[PDB]
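Down below is the structure, laid out as structure tokens.
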4 protein chains.
Amino acid sequence: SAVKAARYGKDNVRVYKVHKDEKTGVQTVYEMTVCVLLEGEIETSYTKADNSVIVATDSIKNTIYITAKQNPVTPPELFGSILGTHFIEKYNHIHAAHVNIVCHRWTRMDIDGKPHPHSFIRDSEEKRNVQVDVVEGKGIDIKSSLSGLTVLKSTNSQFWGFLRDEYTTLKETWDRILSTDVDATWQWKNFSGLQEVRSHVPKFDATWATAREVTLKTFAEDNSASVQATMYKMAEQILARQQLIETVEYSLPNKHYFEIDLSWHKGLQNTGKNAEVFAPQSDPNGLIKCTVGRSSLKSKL
Amino acid sequence: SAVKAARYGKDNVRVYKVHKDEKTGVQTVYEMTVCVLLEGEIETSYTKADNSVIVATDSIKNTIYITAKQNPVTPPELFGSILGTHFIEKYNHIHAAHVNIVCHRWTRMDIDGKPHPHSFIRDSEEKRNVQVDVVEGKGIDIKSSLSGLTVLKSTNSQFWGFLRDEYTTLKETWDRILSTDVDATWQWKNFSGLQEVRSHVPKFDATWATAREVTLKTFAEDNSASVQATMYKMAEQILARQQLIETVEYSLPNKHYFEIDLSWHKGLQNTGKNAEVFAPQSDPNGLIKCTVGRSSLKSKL
Amino acid sequence: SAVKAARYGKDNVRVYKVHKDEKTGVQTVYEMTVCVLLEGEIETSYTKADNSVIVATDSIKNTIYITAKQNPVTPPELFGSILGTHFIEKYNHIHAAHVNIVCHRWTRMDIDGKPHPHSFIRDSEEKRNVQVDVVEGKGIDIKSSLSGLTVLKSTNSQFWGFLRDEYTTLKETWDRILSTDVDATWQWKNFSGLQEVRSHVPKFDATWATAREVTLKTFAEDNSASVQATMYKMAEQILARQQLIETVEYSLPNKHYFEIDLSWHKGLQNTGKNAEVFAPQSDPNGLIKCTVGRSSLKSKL
Amino acid sequence: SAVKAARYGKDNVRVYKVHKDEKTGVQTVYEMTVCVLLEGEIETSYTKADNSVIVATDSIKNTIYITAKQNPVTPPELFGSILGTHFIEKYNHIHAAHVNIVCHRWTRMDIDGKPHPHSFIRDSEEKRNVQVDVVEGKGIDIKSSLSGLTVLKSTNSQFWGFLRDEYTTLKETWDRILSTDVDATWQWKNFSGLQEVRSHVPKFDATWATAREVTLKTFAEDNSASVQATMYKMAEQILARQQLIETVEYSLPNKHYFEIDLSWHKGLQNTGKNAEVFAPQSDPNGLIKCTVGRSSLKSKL
Ligand SMILES: CN1C(=O)N[C@@]2(OO)C(=O)NC(=O)N=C12
Ligand SMILES: CN1C(=O)N[C@@]2(OO)C(=O)NC(=O)N=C12
Ligand SMILES: CN1C(=O)N[C@@]2(OO)C(=O)NC(=O)N=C12
Ligand SMILES: CN1C(=O)N[C@@]2(OO)C(=O)NC(=O)N=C12
């Protein structure tokens with residue numbers, strides 16, 4: 001036998017950091033969950049009981065906290081790049097570091113109409129994430145995402161004109177509920193190293209904000225022909241607004257809300273135009289995915 | 001043997017309802033999870049295989065949807081009272097109905113600064129709940145609550161002066177993080193029936209809003225001596241603002257954020273006044289409870 | 001305002017303990033999650049910022065580990081009684097201790113047909129639990145339970161003869177699937193203190209084993225008229241087998257498995273006698289409860 | 001813009017099937033959760049609101065149930081291959097079907113020492129899974145796995161000789177607890193189509209049993225130098241026992257159990273040779289991965 005692939009490290013590292021402005025009194029908090037997995041000349045730890053090549057996962061954990069003490073933790077694209085770069089530079093035999101960060105929301109409270117200096121609310125379980133792959137000799141590849149953004153619209157969603165054959169029971173509809181949990185990812189151009197990442201730092205928060213804004217406005221305003229059609233519009237708009245993005249990926253569940261025929265009870269009308277009470281379905285669910293990039297077709301368009 | 005207690009029914013009934021204003025185009029959505037458990041002269045279903053006394057849980061489910069079609073689903077205190085009253089009135093042999101409702105957030109989206117007519121966001125997993133016990137001959141007992149309201153403050157929390165003995169290792173502190181998930185319950189005066197509940201309908205939304213406002217402002221502004229002291233202030237204020245409440249209960253976890261001593265690494269200072277990076281602890285957690293009512297002591301105060 | 005009720009302590013305390021037989025080499029492991037909440041003369045911690053009356057939750061945590069080091073952790077009824085007794089004896093002003101323990105399964109592995117001396121498998125997420133309320137001057141009240149025991153039978157379950165009215169759509173059935181997650185609790189006679197608990201120690205493991213055995217055999221062998229009828233048989237048998245039990249409580253979800261009519265597709269027959277493929281329903285679910293004790297009726301039986 | 005990748009379908013489809021032997025009375029149950037995602041000439045559903053190319057996810061759901069009615073659902077490798085093959089054969093424009101199946105345990109109960117004909121227990125949340133990718137013109141690629149197999153050994157685990165530098169605090173140990181949740185995957189040789197899969201049907205259950213047996217015996221018997229070293233031994237043995245496997249992958253968390261120094265309390269000794277009570281850590285956790293295949297090095301071995 002031989003090792004074909006290997007990576008190892010510390011997962012589920014919870015990290016909080018506070019910034020305190022001693023002049024103004026305003027404090028700002030950041031909370032995340034971090035995973036760092038390393039690759040390199042480590043195969044003998046598996047094949048030969050050679051622990052000398054292992055940077056202990058406990059030490060990886062220590063390093064995450066040390067790095068958060070010595071550097072900004074925002075934007076997460078930057079923090080992940082600093083962290084990953086550290087491992088490949090510090091350890092000759094480590095050649096890749098894979099850093100995943102989930103950022104948790106702590107939104108400043110407004111009390112009596114004024115932003116409070118040191119009190120926060122988890123205003124959504126929506127996350128902002130990064131995946132930062134730092135690969136020695138091949139730069140830094142970053143995928144940024146938002147996830148867990150749960151939305152519903154009560155009309156202005158349709159689904160008709162789909163294939164009908166002997167497996168089909170679904171009724172066409174011209175007016176349905178649409179609800180999803182948005183997972184949207186934007187994949188950056190490869191960066192050559194930490195200097196190039198740093199040169200683009202403002203673009204990270206700006207692109208996350210654009211992606212969120214586009215997602216919400218397109219969901220709310222598109223008289224949707226399908227999940228497929230709506231999500232494509234989102235992606236095309238994000239690509240148009242940040243040239244340093246190469247692709248946008250969406251993964252959207254179709255969280256079904258079924259009509260309930262009550263006509264068996266006193267002739268109650270609760271379908272079609274009279275549908276008011278619905279049964280949210282926990283499972284199953286449609287699951288619709290696509291990855292959109294910029295076009296390069298020049299004929300047969 | 002004999003049956004000492006029994007109740008049965010349908011749990012985990014997911015319910016959506018939409019209201020459509022055909023004049024304005026504005027739609028409003030409501031989503032909940034409902035449980036109804038019944039008591040009464042049912043013991044022979046357990047002891048004698050006598051199914052004649054069972055109103056099937058499937059029929060209870062149907063009834064929940066029918067009741068939502070025929071009545072408002074808001075405030076949940078009212079919906080639960082209507083639902084519970086139905087079972088004790090419809091079925092001679094059913095003498096109590098226990099209705100639990102969890103209300104899920106669907107907050108209207110603002111798009112380009114304007115409220116959208118039919119698009120919503122799950123802006124928090126915080127819930128608004130009710131427990132409505134309708135007991136034939138003994139009226140309607142309602143407990144209202146908010147839960148899953150997750151908050152953090154980065155300073156203005158203290159914990160010193162606690163008992164110290166041979167089991168104690170905890171350091172006193174004059175400046176710590178405080179974070180919790182608020183579960184707050186207000187227990188209404190017994191209502192004689194559905195008419196009395198209906199007579200107080202505006203008070204339900206108003207009291208929920210007061211409880212939330214008080215919770216947030218007191219958390220944010222109290223330079224807290226302990227979870228105990230802060231939660232008591234919340235409760236006393238809610239009682240002062242609604243005379244139809246008899247008690248207020250809080251159940252608060254103390255979600256610990258530990259300092260991380262980094263002085264072993266290059267003399268890094270990350271404790272006390274220099275604490276910036278902390279380790280959120282998933283478990284264990286303090287858990288602090290109290291039920292506050294109005295005083296009746298007249299001496300030894 | 002005044003404090004009507006209060007309790008506080010440490011929740012979610014994970015505890016492992018190993019026993020090592022140095023003669024035989026056999027090791028035995030125990031893992032639990034513990035909660036201890038205290039009551040007593042503590043109201044001034046809430047009303048007056050008086051921390052002097054607080055035994056810190058951190059110290060409660062320390063105490064749990066110390067108590068596990070100095071005493072057996074099995075049976076959990078005993079461990080909980082020792083732990084609770086400690087708080088009311090050690091602290092004059094603490095008058096009740098409420099100890100909840102969840103015991104996690106670590107079943108010894110059999111390797112090549114032989115029990116291994118130090119390797120274990122989590123063979124089920126089923127739990128064994130206790131609730132031990134130690135109340136100064138009023139002894140020790142113990143509720144023991146098993147929970148998370150998930151079972152299914154594919155036939156020999158029926159449900160017919162239930163009430164039918166204008167809310168009813170359910171078809172009677174003479175052959176259905178029955179599946180549940182068993183939560184069964186046996187409530188012990190009050191014990192006067194720790195000596196009386198210790199005097200009954202073998203009965204704890206024996207009664208847990210009886211309750212489990214009865215549950216499984218009755219589920220498997222009863223040609224069930226309803227969940228109600230089957231669960232009552234379980235309870236009556238457990239009561240008959242341990243006189244120091246006062247009541248047995250069951251709480252059982254009815255985890256529905258729906259037939260799927262496929263006759264629209266090529267005349268496929270998948271209902272009634274030809275039902276082979278079913279749709280497990282995640283929600284909603286029936287929920288059936290009862291508490292059974294011994295009879296005291298002497299006429300009208 | 002243009003669609004670079006797309007797939008869609010139905011996720012979280014719960015499926016039960018029963019087999020009834022009418023001669024013997026013995027019934028056998030199967031329960032799974034299925035996901036099917038399709039690829040093909042579908043881009044216009046995203047770009048052009050062209051629903052004609054969409055086989056509705058509702059119809060995919062119907063098809064899963066129909067296929068389970070008309071075919072064996074075991075082994076899951078076979079069921080997934082039949083299901084995936086159906087979509088690429090039935091629909092000219094669909095060119096890949098990605099079928100994921102999670103199989104849930106329903107183990108036959110033994111009652112009074114005899115296997116019961118129709119009663120089952122969920123004896124573990126361990127799963128048996130498949131990932132079956134059916135790609136038109138490129139056969140069928142199958143990855144089989146077991147997951148959620150949670151184990152602990154109380155001794156015969158070590159971790160010493162790891163890299164030590166200025167980021168390291170971890171103590172070397174010659175005797176520790178090792179606990180994990182095993183996720184093990186074996187990747188089959190590409191199959192040319194459904195006939196080739198069918199030709200190997202007995203190997204699926206046999207290889208799953210081998211993988212489980214090897215996992216448990218190696219975990220229990222290896223005096224482990226590290227998670228890395230132990231998992232490699234597992235993989236090499238599985239490869240040696242099934243030549244139609246190309247690779248074996250393990251992904252193992254290191255679920256830490258920390259010693260608790262109690263020497264501050266009455267000189268209690270609970271570390272090193274006297275360690276009996278430990279604190280299971282929920283997070284963070286090591287995470288150790290590798291993919292093992294057969295060797296092709298002929299020099300520098
Ligand atoms: C109702 N429905 C389907 O049956 N398939 C679809 O995904 O769930 C699909 O392909 N697109 C939809 O928007 N709606 C759907
Ligand atoms: C740090 N700490 C404790 O150790 N016990 C306490 O609850 O967690 C307590 O009783 N009250 C607190 O506010 N803080 C605590
Ligand atoms: C099918 N079904 C019901 O509709 N109600 C019942 O609980 O779920 C009930 O009261 N008892 C049952 O055993 N079966 C049921
Ligand atoms: C204690 N410990 C580490 O600190 N890193 C390791 O994974 O968690 C590692 O690389 N291998 C181990 O077996 N044990 C570990």
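All heavy atoms count here, side chains included; hydrogens, waters and symmetry mates do not. Just so we're on the same page: letters track the sequence lines, and every chain starts at 1.
- Counted by atom type alone, C/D50 and C/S45 present zero donor-acceptor pairs between their side chains at under 3.5 Å.
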Step-by-step salt bridge (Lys or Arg N to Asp or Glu O under 4.0 Å) determination, B/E276 to A/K20: CA-CA 9 Å; B/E276 289 178 308; A/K20 304 183 176 175; over 6 Å; no
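- To the nearest 0.5 Å, atoms CD (A/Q131) and NE2 (A/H98) are separated by 8.5 Å.
- No side-chain donor from either of B/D183 and B/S251 sits under 3.5 Å from a side-chain acceptor of the other.
- Between the side chain of A/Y8 and the backbone N or O of A/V55, at least one donor-acceptor pair lies under 3.5 Å.
- Distance alone, capped at 3.5 Å, places no donor-acceptor pair between the A/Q27 side chain and the A/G25 backbone.
- A donor atom on one side chain and an acceptor atom on the other are not found under 3.5 Å apart for B/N254 and B/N285.
- For C/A6, the side-chain contact (heavy atoms from CB on, under 4.5 Å) partners two or more places apart in sequence, or in a different chain, are B/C290, C/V3, C/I42, C/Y46.
- The aromatic ring centres of D/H256 and D/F278 sit 6.0 Å or more apart.
- Side-chain atoms of B/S226 come within 3.5 Å of backbone atoms of B/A229 as a donor-acceptor pair (strictly under, hydrogens ignored).
- For A/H116 and B/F219, the ring centers are positioned 6.0 Å apart or more.
- Under the 4.0 Å criterion applied to side-chain N and carboxylate O atoms, B/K143 and B/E249 are assigned as salt-bridge partners.
- Between the side chains of B/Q237 and B/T218, at least one donor N or O lies within less than 3.5 Å of an accepting N or O.
- For B/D222, the side-chain hydrogen bond (donor to acceptor under 3.5 Å, both in side chains) partners two or more places apart in sequence, or in a different chain, are B/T230, B/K233.
- Within 6.0 Å of NZ in A/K127 there are more than 12 heavy atoms belonging to other residues, nucleotides or ligands.
- Ionic pairing of B/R212 and B/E126 is present here: one or more N-O contacts between side-chain nitrogen and carboxylate oxygen are shorter than 4.0 angstrom.
- Between B/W174 and B/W160, the ring planes are parallel. Angles under 30° get that label, and only those over 60° would be called perpendicular.
- In this structure, D/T180 contributes its side chain and D/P253 its backbone to a donor-acceptor pair below 3.5 Å.
- Side-chain contact check for B/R176 versus B/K171: every heavy-atom pair is 4.5 Å or farther apart.
- With sequence neighbours excluded, no residue satisfies side-chain hydrogen bond (donor to acceptor under 3.5 Å, both in side chains) with B/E236.
- Side chains of B/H265 and D/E166: no donor on one and acceptor on the other come within 3.5 Å.
- With C/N51 contributing its side chain and B/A225 its backbone, the two residues share a donor-acceptor pair below 3.5 Å.
- Taking a cutoff of 4.0 Å between a charged side-chain nitrogen and a carboxylate oxygen, A/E22 and B/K273 do not qualify as a salt bridge.
- Between the A/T74 side chain and the A/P76 main chain, no donor and acceptor come within less than 3.5 Å of each other.
- No donor-acceptor pair closer than 3.5 Å links the side chain of B/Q187 to the backbone N or O of B/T185.
- A donor-acceptor pair shorter than 3.5 Å can be found between the side chains of C/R14 and D/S282.
- Residues A/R128 and A/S147 bring no donor and acceptor atom of their side chains to less than 3.5 Å of each other.
- Relative orientation of the C/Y91 and C/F87 rings is parallel, given thresholds of 30° and 60° on the angle between their planes.
- Considering only residues two or more places apart in sequence or on other chains, B/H104 meets the ring pair (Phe, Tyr, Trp, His ring centres under 6.0 Å) condition with none of them.
- In this structure a side-chain-to-backbone donor-acceptor pair under 3.5 Å is missing from B/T168 to B/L170.
- Residues meeting the side-chain hydrogen bond (donor to acceptor under 3.5 Å, both in side chains) test with D/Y257, sequence neighbours left out: C/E31.
- For NZ of B/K217, the number of neighbouring non-hydrogen atoms (other residues, nucleotides, ligands) closer than 6.0 Å is 12 at most.
- For the residue pair C/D58 / B/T169, a side-chain donor-acceptor distance below 3.5 Å is found, with atom types taken as modelled.
- The residues B/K153 and B/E221 are annotated as not salt-bridged, no charged nitrogen and carboxylate oxygen being separated by less than 4.0 angstrom.
- Taking the charged nitrogens against the carboxylate oxygens, A/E77 and A/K203 have no contact shorter than 4.0 Å, which rules out a salt bridge.
- Residue pairs meeting the salt bridge (charged side-chain N to carboxylate O under 4.0 Å, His left out) criterion with at least one partner in residues 250-269 of chain B, sequence neighbours excluded, are B/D181-B/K255.
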